[PDB]
């Protein structure tokens, strides 16, 4: 297994950013999930070598941090906040609208590998509840018609 030069340069860039190589593990993994749309299991060994860390170390880290999914491949990850404020302001109406539009519930992926619903804890935008992200982009849920237009921007 070999990372394409598109990703390999970016990884080295992160690895050479901090004073010590090992500190770039979270930045490297974020870049791996952005490129593949998940954490491929095969990508762990080359990364462990680049970070000069044992494999067990890297595996433990991927397991520890929730922003990483080594199971399903999705082009777009709809992070839906399920915490106190969003619950109080209509998380159920956001999830119901998502289910009507894409046919999927939290934890599921669409058949085309395009969209995955990820239930997350407080996203720190509680004044804009119900909050959801679509990869890096963050929005306040207003209605199914509003949501529909947002999702349509993801090709």
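Positions refer to the first chain, counted from 1.
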Checklist entry - Between 43 to 51 and 83 to 91, which has the higher average C-alpha B-factor in the PDB entry? => result 43 to 51
Checklist entry - Which of the two stretches, 124 to 132 or 99 to 107, shows the higher mean Cα temperature factor in the record? => result 99 to 107
Next on the checklist: Based on the deposited C-alpha B factors for this chain, I'd like to know if residue 12 is in the lowest, middle or highest third.
Outcome noted: highest
Next on the checklist: How does the C-alpha B factor of residue 114 compare with the rest of the chain: lowest, middle or highest third?
Outcome noted: highest
Checklist outcome for this item: The third of the chain into which the C-alpha temperature factor of residue 77 falls is the lowest
Checklist entry - If you rank every modelled residue in this chain by C-alpha B factor, which third holds residue 30: lowest, middle or highest? => result lowest
